[PDB]
Amino acid sequence: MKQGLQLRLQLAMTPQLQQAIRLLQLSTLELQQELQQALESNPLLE
Amino acid sequence: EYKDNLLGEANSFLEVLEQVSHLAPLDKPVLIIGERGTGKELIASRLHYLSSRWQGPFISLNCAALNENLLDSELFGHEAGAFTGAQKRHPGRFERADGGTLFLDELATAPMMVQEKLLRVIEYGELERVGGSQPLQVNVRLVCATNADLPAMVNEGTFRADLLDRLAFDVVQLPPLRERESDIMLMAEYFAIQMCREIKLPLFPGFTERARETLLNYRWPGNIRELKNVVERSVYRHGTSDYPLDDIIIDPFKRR
Amino acid sequence: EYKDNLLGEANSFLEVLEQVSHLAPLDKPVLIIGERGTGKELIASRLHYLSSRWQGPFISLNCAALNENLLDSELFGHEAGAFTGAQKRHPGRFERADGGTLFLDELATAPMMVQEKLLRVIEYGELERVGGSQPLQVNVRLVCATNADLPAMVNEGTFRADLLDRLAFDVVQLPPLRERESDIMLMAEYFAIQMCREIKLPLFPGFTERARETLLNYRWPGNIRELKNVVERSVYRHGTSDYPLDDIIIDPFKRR
Amino acid sequence: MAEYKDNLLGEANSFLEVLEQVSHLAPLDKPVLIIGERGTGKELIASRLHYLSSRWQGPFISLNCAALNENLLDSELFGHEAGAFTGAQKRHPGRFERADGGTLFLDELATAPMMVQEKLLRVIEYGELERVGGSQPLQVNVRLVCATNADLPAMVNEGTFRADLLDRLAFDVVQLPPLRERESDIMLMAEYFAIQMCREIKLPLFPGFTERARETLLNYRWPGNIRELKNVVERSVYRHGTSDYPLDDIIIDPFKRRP
Amino acid sequence: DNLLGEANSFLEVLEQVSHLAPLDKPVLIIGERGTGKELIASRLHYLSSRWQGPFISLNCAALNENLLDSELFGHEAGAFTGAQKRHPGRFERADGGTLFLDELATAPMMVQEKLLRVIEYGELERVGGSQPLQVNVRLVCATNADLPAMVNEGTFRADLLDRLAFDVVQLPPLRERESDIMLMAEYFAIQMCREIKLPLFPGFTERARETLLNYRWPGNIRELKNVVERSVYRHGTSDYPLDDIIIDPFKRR
Amino acid sequence: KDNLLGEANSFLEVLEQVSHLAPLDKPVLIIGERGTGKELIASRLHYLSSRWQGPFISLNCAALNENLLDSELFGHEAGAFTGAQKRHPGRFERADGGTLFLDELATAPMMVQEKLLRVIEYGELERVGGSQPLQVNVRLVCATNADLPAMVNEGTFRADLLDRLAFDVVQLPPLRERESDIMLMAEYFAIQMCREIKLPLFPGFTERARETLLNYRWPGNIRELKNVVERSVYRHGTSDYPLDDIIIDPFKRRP
Ligand SMILES: Nc1ncnc2c1ncn2[C@@H]1O[C@H](COP(=O)(O)OP(=O)(O)O)[C@@H](O)[C@H]1O
Ligand SMILES: Nc1ncnc2c1ncn2[C@@H]1O[C@H](COP(=O)(O)OP(=O)(O)O)[C@@H](O)[C@H]1O
Ligand SMILES: Nc1ncnc2c1ncn2[C@@H]1O[C@H](COP(=O)(O)OP(=O)(O)O)[C@@H](O)[C@H]1O
Ligand SMILES: Nc1ncnc2c1ncn2[C@@H]1O[C@H](COP(=O)(O)OP(=O)(O)O)[C@@H](O)[C@H]1O
Ligand SMILES: [Mg+2]
Ligand SMILES: [Mg+2]
Ligand SMILES: [Mg+2]
């Protein structure tokens, strides 16, 4: 009726998937470069 | 077989059945001269199972118990990225039913603005979805029934008389409670079998000519929902299937 | 070409049409004094397919069913996110107008304010209801049409002098329903054939001359497809056009 | 500072002198209120003043009151800077705010909101305006432009206008020579419109018109002052549609039943 | 509880009512101004095998239908979208027992439809993230005061009316029994006296008793309670038997 | 603090009256057939008070819009709708002790009163769901270009609204009453108009114009004097000849 905007419809973000997307937008050549530079310390990550 | 809900042995009911058989496949707009209680939501789903698309369903739900905003704002639904207050691409129930049949109800309740919009759809069929967009049409029958005399209501100048014709393919009357008299004994028997099954009452313990006369005198304000509901009240009065049925709770809402 | 459909053998139908043709290159307003269930829309079409910009937009949006006062403001525009709950103006009508004309049905109900807002449009036409957006004009022509009594409105003052005037540039009296009697027989058979074909009814029943006479007796003020509506009624009265035509249905409310 | 006379035509009555007084007014930027026939010299007068507005004066902010729905007419009225009113985003500046220095092209629409009326009173208050949630007043500027078409003093006695609607309004009045009154450039602006009409018709030659038409033209009331006649003129052009072919009649009242 | 159903039509009525109590049929009841309907419903619920069953008594007016089902359904949302776990769910809340509805008579038809046949399937009871499912709670609504003409006023959804229970809870006024009057009266009185930490029931003179015996007492149990209270503070001391049938805190006197 | 004073014993009387009202900050409302510089009055009052250093900046009351009186009384809300989150405070608080003329009072609304009154009579800053109300003792005063006691007869306002003004409502004389320095007053109006009309100077008007000034109904009292003054000016635009005629009823159409 009398239109407008009315109240209706928080937490904490993390860059997890954000860093992942940083990898994906980055090219797979250097993306694998990071992937190695990532999996190095992750001992269970081959 | 649609279970033959309201199996009307009445020749009037029989002819109503024959004609409903004739035109339900005629998946076209038509005029049901009908009221709630008297076959309250009785034939629509049959004609939908009798609709051209047996695969095609019966959304309907176009009862006009809604007054002002919700009636339309669900009718067309509404737009996604625009509305009074919701980002819901409410496609409207018109989008909902594909293949089959749907009915509009309490049609007398509608305003003239709604009247012209709907009668237009009955003609236009394409529609911009409330918010406004490229209009689009559906191909299906049109169904509605009203308890009033829309010839007078249009004589009262209230509705799309254009609708009151374009829908009005043939004003299709159906039997009232007062209509059902000799088959009313059978209807009582059938509702009784149904109740004794449901109420876990063993069976028809028997009819009372006294209860029979009480019901016969019962002018029966409602037609069907009254039949079942008063059956429920009277059964609660009896609550057993031994003594012949005389405890007739004609007014489950009688005082004290 | 409107399929050349709705043939009016009244050479006044032709004369109207000729006026229409003269109007066809012409780009100025026009009233069509239409009739109840007459069909100004179809003729407006016949014009639009012939429009000087026949390639132009041809939208049918009447504010007769303007249940929302705000449905107007929309039709006049919306700022992108005006009010809120929305993204942008749903501008389809405003779209058709630029690169198009204006067509409406039964302009009687308009909020007088709405009307004179339309006035500030016709002479100049700003980007409107646009939540403060800068103006903008739609290369918009116009056409008008109703069954109302213009003198009745004038007494009602329903059209302002600026309104009644600048609003109106031509007047197209739909012949009275019975005015175009030879046309009635004409387009009547036109429907008869059109029905016998599209119905795929294996034979065409034809027409009973008695039925023809009775039909002519129908003042049938509504005849827009109200002709076609009573036609479908009569077709069902025949039910099947195999036999020669005699079963003519006009009043469908009647049981029995 | 140029001509821009445009199709300001047919002022052979004292509407010429009307224009003269308008000119006398034109330098001053104070409130403008006028009077006259709708769709008839009126908004043309508006153009007239818009020319009287320096070309470099600014946006001829057109104010069309028959719009505005009900409410957030208020929004663009006072303004809307907050959230929850106009899609939020930036401080949406109202059409009132849209004009900064511009034309208060007030239209005398006679719509119901004297609520609005009081608002505009505050619009014409101290050169200032303040938005929805509009956290501060802001001293505003705009040229002010009204006109009329009906008995403002009567409506005052009728109470119909806010008394202050007029009290703040109309430093002076500016009426129009009625079509029943102006009556002077009849043939003149008649021919002017006819010229335009044939030219658009691309009619090969000016039909000419019989004097019976002009006799009717004198006889005609022309309730719509400027256009109704002009529409009539174009209508004659159409109903004839012939070049050099002298007219002997005109088209105005199609409501007249055909013979 | 102190029903003191000394109408004894109250007695047989209670008999049938508890007879329905184990059955979970839908509940639609008409209650007197002072009927203590809560107690009746409470007694049925404990008498129901939903003795422990959930019994959300919906004083159905405080909501916003702008979140009508959003209560009646609720919404499941968590993590970055919203802090907490998820909504309890109105149909979900009373799940498994009494589904008591109050504040129903003067209600918005938003609710009326939103509930209308909303349990006939019931599998559509949690949305907007809340996860739809069907349920079983003994549906209860009561305190019915709308005349049948209100259904003839149509504002009573006759769809709800047919959707209503098989009959209606007949309810009589306090002018009816006039029986446990002195009794439940004294019950209230001593109850207050202890609540007052009062000395003792000083008594009542028969003059008050007679003045009482003439009263329609529309406020039924409430009338009893309130009359007791007014006369109670009026005595302000517990020396001699009281004497006043305190009618109403209205007269300036 | 300075304006076209009415220069008059009634005018100087209302002056001394407001002067008695000067540092006083208790609530108030205005009496007056019309306004006669209603704004200018409260405005000079604003320029005077201890709210001279305070915020001598008004607010137009009955301007406001329907749903938002909460914020109107208390500025933009932090928690109203999602968008804003900052408990922006009272326009009152935007003064909260300054001088903020409660104008437009007559046109105000019903439940609108229901709140604003009660709060003013009693209520610290209780905003939308807030923690703790803060009383913005803001210099309080309203106005009435209309007759409240009449409204009382109508009963539209609260009798509390009657209580609202903590001061007696001074009134100014009707133009028909006041009509005091209108000679000198008009002279100043004319010096003004000539400056605005950039006119060289004013030789004068008719003494007949003077009598018509006497023979003047003068409803738009504080306005129409200077109004039709400069109106006569422009419709004349002539300074060589006296304003023998003045622009009487612009509403009147000449022959
Ligand atoms: N000349 C025609 N040819 C075909 N159909 C027509 C004609 N005139 C009217 N109609 C029919 O009348 C129905 C409604 O028509 P009409 O009354 O013209 O629309 P409106 O209600 O806008 O006047 C339309 O669906 C149309 O099929
Ligand atoms: N010189 C003229 N010749 C012909 N028509 C005119 C002339 N001047 C104005 N008109 C017509 O008068 C109509 C209304 O103009 P106007 O009164 O200015 O509108 P408004 O109501 O906005 O003031 C216009 O549509 C225009 O076509
Ligand atoms: N038999 C009773 N025993 C104890 N209290 C009763 C009895 N009957 C009525 N009351 C009192 O009367 C009041 C009636 O309340 P309620 O049933 O909510 O009224 P309504 O049904 O009109 O809302 C209860 O608060 C209760 O304390
Ligand atoms: N004492 C005064 N000194 C100077 N100007 C005044 C005085 N009183 C009123 N005015 C003028 O009157 C105008 C205000 O009009 P006002 O009386 O507030 O209108 P309303 O009566 O509609 O409220 C201002 O422009 C101001 O210049
Ligand atoms: Mg039509
Ligand atoms: Mg205009
Ligand atoms: Mg004022």
# chains A, B, ... in the order shown; residues from 1 in each chain; ligands from 1
>>> interface_residues(of="chain C", to="chain D", cutoff="7 Å", atoms="only C-alpha atoms", output="VMD selection string")
chain C and resid 69 to 70 73 81 to 84 113 to 114 116 to 117 120 132 161 to 162 165 169 171
>>> select_by_dssp(residues="stretch 64-219 of chain F", states="strand (DSSP E or B)", output="PyMOL selection string")
chain F and resi 99+102-103+139+205
>>> select_by_dssp(residues="chain A", states="helix (DSSP H, G or I)", output="PyMOL selection string")
chain A and resi 16-25+28-39
>>> write_last_selection(atoms="N, CA, C and O atoms", output="short mmCIF file (atom, residue, chain, number, x, y, z; two decimals), in the first residue's frame")
data_model
loop_
_atom_site.label_atom_id
_atom_site.label_comp_id
_atom_site.auth_asym_id
_atom_site.auth_seq_id
_atom_site.Cartn_x
_atom_site.Cartn_y
_atom_site.Cartn_z
N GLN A 16 38.17 -17.92 3.73
CA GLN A 16 38.43 -19.29 3.33
C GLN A 16 38.11 -19.51 1.86
O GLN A 16 39.02 -19.60 1.01
N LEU A 17 36.83 -19.57 1.53
CA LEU A 17 36.45 -19.65 0.12
C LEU A 17 36.97 -18.45 -0.63
O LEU A 17 37.15 -18.50 -1.85
N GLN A 18 37.19 -17.33 0.07
CA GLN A 18 37.74 -16.15 -0.59
C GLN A 18 39.15 -16.41 -1.09
O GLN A 18 39.48 -16.10 -2.24
N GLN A 19 40.00 -16.99 -0.25
CA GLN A 19 41.33 -17.35 -0.72
C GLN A 19 41.23 -18.41 -1.81
O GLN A 19 42.03 -18.43 -2.76
N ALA A 20 40.25 -19.32 -1.69
CA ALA A 20 40.05 -20.32 -2.74
C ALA A 20 39.74 -19.67 -4.08
O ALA A 20 40.26 -20.07 -5.12
N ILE A 21 38.87 -18.66 -4.06
CA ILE A 21 38.53 -17.95 -5.28
C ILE A 21 39.73 -17.15 -5.77
O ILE A 21 39.90 -16.94 -6.97
N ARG A 22 40.55 -16.67 -4.84
CA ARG A 22 41.81 -16.04 -5.23
C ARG A 22 42.65 -17.02 -6.03
O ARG A 22 43.27 -16.64 -7.03
N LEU A 23 42.66 -18.28 -5.62
CA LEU A 23 43.35 -19.30 -6.38
C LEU A 23 42.71 -19.51 -7.75
O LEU A 23 43.40 -19.56 -8.77
N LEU A 24 41.39 -19.64 -7.78
CA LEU A 24 40.71 -19.98 -9.03
C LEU A 24 40.85 -18.87 -10.06
O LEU A 24 41.12 -19.14 -11.24
N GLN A 25 40.66 -17.62 -9.65
CA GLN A 25 40.86 -16.50 -10.56
C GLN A 25 42.31 -16.41 -10.99
O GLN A 25 42.61 -16.00 -12.12
N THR A 28 46.13 -21.48 -13.35
CA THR A 28 46.48 -22.80 -12.83
C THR A 28 47.98 -23.06 -12.78
O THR A 28 48.41 -23.93 -12.03
N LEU A 29 48.77 -22.34 -13.57
CA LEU A 29 50.22 -22.49 -13.47
C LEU A 29 50.76 -21.98 -12.14
O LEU A 29 51.38 -22.73 -11.38
N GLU A 30 50.51 -20.71 -11.83
CA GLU A 30 50.84 -20.21 -10.51
C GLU A 30 49.86 -20.71 -9.46
O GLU A 30 50.21 -20.75 -8.28
N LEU A 31 48.64 -21.08 -9.87
CA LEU A 31 47.71 -21.67 -8.91
C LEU A 31 48.25 -22.99 -8.37
O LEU A 31 48.15 -23.27 -7.18
N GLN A 32 48.82 -23.81 -9.24
CA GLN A 32 49.53 -24.99 -8.76
C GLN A 32 50.78 -24.61 -8.01
O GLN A 32 51.21 -25.34 -7.12
N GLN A 33 51.40 -23.47 -8.35
CA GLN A 33 52.54 -23.01 -7.58
C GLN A 33 52.15 -22.79 -6.12
O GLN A 33 52.81 -23.28 -5.20
N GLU A 34 51.04 -22.08 -5.90
CA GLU A 34 50.53 -21.94 -4.55
C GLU A 34 50.08 -23.28 -3.99
O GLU A 34 50.32 -23.56 -2.81
N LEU A 35 49.43 -24.11 -4.81
CA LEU A 35 48.95 -25.39 -4.35
C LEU A 35 50.07 -26.22 -3.77
O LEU A 35 49.89 -26.88 -2.75
N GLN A 36 51.25 -26.18 -4.40
CA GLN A 36 52.42 -26.81 -3.81
C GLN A 36 52.86 -26.06 -2.55
O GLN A 36 53.08 -26.66 -1.49
N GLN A 37 52.99 -24.73 -2.66
CA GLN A 37 53.37 -23.92 -1.52
C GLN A 37 52.34 -24.02 -0.41
O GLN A 37 52.61 -23.64 0.73
N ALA A 38 51.15 -24.52 -0.73
CA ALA A 38 50.17 -24.79 0.31
C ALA A 38 50.34 -26.19 0.88
O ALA A 38 50.45 -26.35 2.10
N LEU A 39 50.39 -27.22 0.03
CA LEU A 39 50.33 -28.59 0.51
C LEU A 39 51.60 -28.98 1.24
O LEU A 39 51.64 -30.03 1.90
#
>>> closest_residue(among="C:184, C:20, C:61, C:140", to="chain B", atoms="only C-alpha atoms")
C:61
>>> residues_near_ligand(ligand="ligand 7", cutoff="9 Å", atoms="only C-alpha atoms and all ligand atoms", output="PDB file with N, CA, C and O atoms, in the first residue's frame")
ATOM      1  N   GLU D 118       0.077  23.317   3.154  1.00  0.00           N
ATOM      2  CA  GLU D 118       0.870  23.855   4.225  1.00  0.00           C
ATOM      3  C   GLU D 118       2.320  23.535   4.006  1.00  0.00           C
ATOM      4  O   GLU D 118       3.210  24.289   4.403  1.00  0.00           O
ATOM      5  N   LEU D 121       3.681  25.896   1.810  1.00  0.00           N
ATOM      6  CA  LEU D 121       3.818  27.105   2.570  1.00  0.00           C
ATOM      7  C   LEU D 121       5.169  27.121   3.229  1.00  0.00           C
ATOM      8  O   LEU D 121       5.895  28.119   3.184  1.00  0.00           O
ATOM      9  N   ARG D 122       5.532  26.013   3.843  1.00  0.00           N
ATOM     10  CA  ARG D 122       6.872  25.965   4.368  1.00  0.00           C
ATOM     11  C   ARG D 122       7.853  25.878   3.232  1.00  0.00           C
ATOM     12  O   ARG D 122       9.015  26.271   3.384  1.00  0.00           O
ATOM     13  N   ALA D 163      -6.566  29.462   3.362  1.00  0.00           N
ATOM     14  CA  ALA D 163      -6.494  30.909   3.287  1.00  0.00           C
ATOM     15  C   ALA D 163      -5.077  31.325   2.992  1.00  0.00           C
ATOM     16  O   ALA D 163      -4.821  32.101   2.072  1.00  0.00           O
ATOM     17  N   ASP D 164      -4.133  30.768   3.729  1.00  0.00           N
ATOM     18  CA  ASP D 164      -2.751  31.089   3.464  1.00  0.00           C
ATOM     19  C   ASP D 164      -2.289  30.501   2.157  1.00  0.00           C
ATOM     20  O   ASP D 164      -1.265  30.927   1.623  1.00  0.00           O
ATOM     21  N   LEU D 165      -2.993  29.503   1.631  1.00  0.00           N
ATOM     22  CA  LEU D 165      -2.636  29.068   0.292  1.00  0.00           C
ATOM     23  C   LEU D 165      -2.567  30.269  -0.609  1.00  0.00           C
ATOM     24  O   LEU D 165      -1.582  30.480  -1.311  1.00  0.00           O
ATOM     25  N   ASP D 167      -2.728  33.412   0.686  1.00  0.00           N
ATOM     26  CA  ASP D 167      -2.091  34.506   1.406  1.00  0.00           C
ATOM     27  C   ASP D 167      -0.620  34.536   1.088  1.00  0.00           C
ATOM     28  O   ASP D 167      -0.062  35.586   0.754  1.00  0.00           O
ATOM     29  N   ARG D 168       0.023  33.385   1.181  1.00  0.00           N
ATOM     30  CA  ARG D 168       1.375  33.296   0.696  1.00  0.00           C
ATOM     31  C   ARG D 168       1.382  33.394  -0.807  1.00  0.00           C
ATOM     32  O   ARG D 168       2.379  33.810  -1.395  1.00  0.00           O
TER      33      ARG D 168
ATOM     34  N   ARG F  34      -4.515  36.147  13.066  1.00  0.00           N
ATOM     35  CA  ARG F  34      -3.758  35.514  11.955  1.00  0.00           C
ATOM     36  C   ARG F  34      -2.381  35.136  12.501  1.00  0.00           C
ATOM     37  O   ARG F  34      -2.329  34.449  13.537  1.00  0.00           O
ATOM     38  N   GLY F  35      -1.310  35.590  11.848  1.00  0.00           N
ATOM     39  CA  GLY F  35       0.045  35.331  12.367  1.00  0.00           C
ATOM     40  C   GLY F  35       0.769  36.627  12.681  1.00  0.00           C
ATOM     41  O   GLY F  35       1.459  36.676  13.715  1.00  0.00           O
ATOM     42  N   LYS F  38       4.017  35.745  12.802  1.00  0.00           N
ATOM     43  CA  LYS F  38       4.011  34.627  13.783  1.00  0.00           C
ATOM     44  C   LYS F  38       5.421  34.041  13.851  1.00  0.00           C
ATOM     45  O   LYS F  38       5.970  33.950  14.966  1.00  0.00           O
ATOM     46  N   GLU F  39       5.976  33.657  12.699  1.00  0.00           N
ATOM     47  CA  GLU F  39       7.373  33.157  12.672  1.00  0.00           C
ATOM     48  C   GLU F  39       8.276  34.235  13.275  1.00  0.00           C
ATOM     49  O   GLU F  39       8.864  33.973  14.336  1.00  0.00           O
ATOM     50  N   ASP F 103       5.891  25.370  15.570  1.00  0.00           N
ATOM     51  CA  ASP F 103       4.949  26.013  14.675  1.00  0.00           C
ATOM     52  C   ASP F 103       4.013  24.945  14.124  1.00  0.00           C
ATOM     53  O   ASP F 103       4.056  23.792  14.547  1.00  0.00           O
ATOM     54  N   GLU F 104       3.118  25.345  13.221  1.00  0.00           N
ATOM     55  CA  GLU F 104       2.189  24.434  12.543  1.00  0.00           C
ATOM     56  C   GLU F 104       1.307  23.668  13.511  1.00  0.00           C
ATOM     57  O   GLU F 104       0.661  22.688  13.139  1.00  0.00           O
ATOM     58  N   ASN F 145      -2.114  30.289  15.418  1.00  0.00           N
ATOM     59  CA  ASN F 145      -2.803  31.239  14.561  1.00  0.00           C
ATOM     60  C   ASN F 145      -4.301  31.018  14.577  1.00  0.00           C
ATOM     61  O   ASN F 145      -5.040  31.858  14.062  1.00  0.00           O
TER      62      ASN F 145
END
>>> residues_around(residues="residue F:216", least_positions_apart="6", cutoff="12 Å", atoms="only C-alpha atoms", output="PyMOL selection string")
chain F and resi 175-177+179+182+208-210+224-225+228+246-249
>>> write_last_selection(atoms="C-alpha atoms", output="PDB file, in the first residue's frame")
ATOM      1  CA  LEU F 175      -4.700  44.566  11.134  1.00  0.00           C
ATOM      2  CA  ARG F 176      -8.082  46.150  11.658  1.00  0.00           C
ATOM      3  CA  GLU F 177      -6.879  46.549  15.202  1.00  0.00           C
ATOM      4  CA  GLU F 179      -3.068  49.583  11.762  1.00  0.00           C
ATOM      5  CA  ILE F 182       1.260  51.397   8.479  1.00  0.00           C
ATOM      6  CA  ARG F 208      -6.000  59.043  -1.505  1.00  0.00           C
ATOM      7  CA  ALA F 209      -3.763  55.998  -1.468  1.00  0.00           C
ATOM      8  CA  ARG F 210      -3.030  56.869   2.147  1.00  0.00           C
ATOM      9  CA  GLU F 224      -0.684  42.251   2.388  1.00  0.00           C
ATOM     10  CA  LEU F 225       0.509  45.661   3.533  1.00  0.00           C
ATOM     11  CA  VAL F 228       0.130  45.074  -2.330  1.00  0.00           C
ATOM     12  CA  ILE F 246      -2.255  50.848  -5.419  1.00  0.00           C
ATOM     13  CA  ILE F 247      -2.631  47.216  -6.399  1.00  0.00           C
ATOM     14  CA  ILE F 248      -5.890  46.618  -4.589  1.00  0.00           C
ATOM     15  CA  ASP F 249      -7.421  43.231  -5.282  1.00  0.00           C
TER      16      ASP F 249
END
>>> residues_near_ligand(ligand="ligand 3", cutoff="9 Å", atoms="only C-alpha atoms and all ligand atoms", output="PyMOL selection string")
chain E and resi 1-6+30-40+102-103+142-145+174+180+184+188+219-225
>>> write_last_selection(atoms="N, CA and C atoms", output="short mmCIF file (atom, residue, chain, number, x, y, z; two decimals), in the first residue's frame")
data_model
loop_
_atom_site.label_atom_id
_atom_site.label_comp_id
_atom_site.auth_asym_id
_atom_site.auth_seq_id
_atom_site.Cartn_x
_atom_site.Cartn_y
_atom_site.Cartn_z
N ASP E 1 -7.39 -27.80 41.05
CA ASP E 1 -8.36 -26.87 40.48
C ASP E 1 -9.64 -26.89 41.29
N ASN E 2 -10.34 -25.76 41.31
CA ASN E 2 -11.63 -25.67 41.98
C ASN E 2 -12.65 -25.27 40.92
N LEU E 3 -13.10 -26.26 40.16
CA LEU E 3 -14.22 -26.01 39.27
C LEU E 3 -15.49 -25.82 40.07
N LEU E 4 -15.70 -26.67 41.08
CA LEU E 4 -16.92 -26.66 41.87
C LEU E 4 -18.13 -26.66 40.95
N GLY E 5 -18.11 -27.59 39.99
CA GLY E 5 -19.10 -27.59 38.92
C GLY E 5 -20.48 -27.88 39.44
N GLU E 6 -20.88 -27.08 40.43
CA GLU E 6 -22.10 -27.30 41.18
C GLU E 6 -23.35 -27.01 40.36
N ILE E 30 -16.97 -22.83 23.33
CA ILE E 30 -17.55 -21.55 23.73
C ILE E 30 -17.51 -21.47 25.24
N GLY E 31 -16.83 -20.45 25.76
CA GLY E 31 -16.66 -20.30 27.20
C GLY E 31 -17.33 -19.08 27.78
N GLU E 32 -17.77 -19.17 29.04
CA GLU E 32 -18.44 -18.02 29.71
C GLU E 32 -17.39 -16.97 30.11
N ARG E 33 -17.83 -15.73 30.34
CA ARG E 33 -16.90 -14.64 30.75
C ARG E 33 -15.99 -15.16 31.87
N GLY E 34 -16.57 -15.83 32.87
CA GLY E 34 -15.75 -16.44 33.93
C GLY E 34 -15.93 -17.95 33.93
N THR E 35 -15.44 -18.63 32.90
CA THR E 35 -15.65 -20.09 32.79
C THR E 35 -14.42 -20.85 33.28
N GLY E 36 -13.28 -20.17 33.38
CA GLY E 36 -12.04 -20.89 33.73
C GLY E 36 -11.74 -21.91 32.65
N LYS E 37 -12.05 -21.58 31.40
CA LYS E 37 -11.84 -22.53 30.27
C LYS E 37 -10.44 -23.13 30.37
N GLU E 38 -9.44 -22.31 30.69
CA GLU E 38 -8.05 -22.81 30.87
C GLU E 38 -8.10 -24.13 31.65
N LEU E 39 -8.66 -24.11 32.86
CA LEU E 39 -8.72 -25.33 33.71
C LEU E 39 -9.31 -26.49 32.90
N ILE E 40 -10.49 -26.29 32.30
CA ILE E 40 -11.15 -27.38 31.51
C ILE E 40 -10.14 -27.91 30.49
N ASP E 102 -6.02 -19.42 21.40
CA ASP E 102 -6.71 -18.38 22.14
C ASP E 102 -6.65 -17.10 21.32
N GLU E 103 -7.25 -16.05 21.87
CA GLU E 103 -7.32 -14.76 21.20
C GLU E 103 -7.79 -14.96 19.76
N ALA E 142 -10.90 -22.06 21.67
CA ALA E 142 -11.98 -22.03 22.65
C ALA E 142 -12.43 -20.60 22.89
N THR E 143 -13.11 -20.39 24.03
CA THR E 143 -13.62 -19.09 24.46
C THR E 143 -14.52 -18.48 23.41
N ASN E 144 -15.24 -19.33 22.68
CA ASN E 144 -16.05 -18.89 21.56
C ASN E 144 -17.17 -18.03 22.12
N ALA E 145 -17.33 -16.83 21.54
CA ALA E 145 -18.40 -15.91 21.91
C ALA E 145 -19.13 -15.36 20.70
N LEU E 174 -23.08 -17.34 35.23
CA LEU E 174 -23.04 -17.51 36.67
C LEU E 174 -24.40 -17.30 37.31
N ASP E 180 -22.27 -23.49 44.19
CA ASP E 180 -21.03 -23.49 44.96
C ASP E 180 -20.64 -22.10 45.37
N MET E 184 -17.14 -21.96 46.76
CA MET E 184 -15.96 -21.50 46.05
C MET E 184 -15.64 -20.08 46.46
N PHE E 188 -12.02 -19.01 47.63
CA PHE E 188 -11.30 -17.82 47.25
C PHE E 188 -10.93 -17.02 48.48
N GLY E 219 -19.68 -11.93 35.20
CA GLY E 219 -18.29 -12.24 35.34
C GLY E 219 -18.03 -13.55 36.03
N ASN E 220 -19.07 -14.35 36.25
CA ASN E 220 -18.96 -15.78 36.51
C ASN E 220 -17.81 -15.97 37.49
N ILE E 221 -16.81 -16.79 37.19
CA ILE E 221 -15.76 -16.99 38.17
C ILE E 221 -14.99 -15.70 38.40
N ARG E 222 -14.75 -14.94 37.35
CA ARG E 222 -14.13 -13.65 37.57
C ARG E 222 -14.99 -12.78 38.47
N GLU E 223 -16.30 -12.80 38.26
CA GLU E 223 -17.15 -12.01 39.13
C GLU E 223 -16.98 -12.46 40.55
N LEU E 224 -16.96 -13.76 40.76
CA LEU E 224 -16.80 -14.25 42.11
C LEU E 224 -15.51 -13.74 42.70
N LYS E 225 -14.43 -13.90 41.95
CA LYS E 225 -13.13 -13.51 42.45
C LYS E 225 -13.11 -12.04 42.79
#
>>> residues_near_ligand(ligand="ligand 5", cutoff="10 Å", atoms="only C-alpha atoms and all ligand atoms", output="VMD selection string")
(chain B and resid 116 119 to 120 160 to 162) or (chain C and resid 34 to 41 62 64 104 to 106 145 to 147 222 224 to 225)
>>> residues_around(residues="stretch 1-11 of chain C", least_positions_apart="3", cutoff="7 Å", atoms="only C-alpha atoms", output="number ranges by chain")
C: 14-15, 42, 45-46, 49-50, 180, 182-183, 186-187
>>> interface_residues(of="chain A", to="chain D", cutoff="8 Å", atoms="only C-alpha atoms", output="JSON, numbers by chain")
{"A": [2, 3, 4, 5, 6]}
